[PDB]
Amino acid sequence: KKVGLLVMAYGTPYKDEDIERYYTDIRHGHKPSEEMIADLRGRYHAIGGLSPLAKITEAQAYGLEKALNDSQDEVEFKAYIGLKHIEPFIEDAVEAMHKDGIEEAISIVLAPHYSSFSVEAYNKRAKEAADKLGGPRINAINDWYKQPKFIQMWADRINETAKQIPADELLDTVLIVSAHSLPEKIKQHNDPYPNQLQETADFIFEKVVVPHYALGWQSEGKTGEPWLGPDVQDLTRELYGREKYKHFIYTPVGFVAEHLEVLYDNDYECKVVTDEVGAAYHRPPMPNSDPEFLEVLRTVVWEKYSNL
């Protein structure tokens, strides 16, 4: 009959007036100072005012629902959006599923890699919300970066960009694969997050014509602990100082859409570094709601339903 499709994501402020409560929710309820609020507000204004993450997340979630429902007639999928730090929250989506009579759901996070700080928090809040309500039964997908269509989608985007680079400069081209940084302490407990991203970079590298690649991290938080390094800005400086690369291709494969952590942390902060060393900047289009990416998620979700 009907199976809920719990599509979860970070969330973004819909209006400029939402930035305060959005930052507060991110900061575990501790309201940030005006200085922190002003810096975040400035980054949003620097990328044009607000992030298109809310509209892209909707197009991905409902594009996945249409992609699943048009490819088979074994089960009807119904997509429910559950955001981490703004409404509709994860708990609102599970409430809507239980109210709608959904008895079985499949959950997926719009981030291909698993971590205790990211996907585990998504699944924990979703499973506990359904437990307090009595339903639905949530079957969680933890990661899906190993999907071949996902690896091939990124390789195609990189190869499409590399072919605009002159041949005599391709040897001086490097591919920077990155994702959102996390506190370094997760490596002390063998969290799969750093190893999963190294695997993703390894898989993509063996399918692109770019001869050089390096793994980095970005968007590290405002804390007092060490975070996963090297930062993509610092890595860009070190790689130019050692190899004098002429082209830097940034693929933050940990993200699936053009949001603040791409439009600012890459398209501004990384471009400042390449401008400084005199190298060219390249950032292939994010997956967004491209049909190829909807086919990636369609294959992932259908593979999960078949296995249960």
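Position 1 is the first residue in the sequence shown; the rest follow in order.
In this entry, the higher average B-factor at the C-alpha atoms falls on 96-104, of the pair 142-150 and 96-104. Of the two stretches examined, 27-35 and 265-273, the record assigns the greater average C-alpha temperature factor to 27-35. Listed residues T200, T173, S219, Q188 were ranked by CA B-factor as deposited; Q188 comes out on top. As recorded in the PDB entry, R137 shows the highest C-alpha B-factor of the residues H113, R137, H180, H212. When the modelled residues of the chain are ordered by their C-alpha B factor, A67 lands in the middle third.
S118: CA B factor in the highest third of modelled residues in this chain (values from the PDB entry).
Remark: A46 belongs to the highest third of its chain, ranked by C-alpha B-factor as recorded. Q164 sits in the highest third of its chain by CA B factor, as recorded in the PDB entry. In the deposited entry, the Cα temperature factor of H259 sits in the bottom third of values across the chain's modelled residues.
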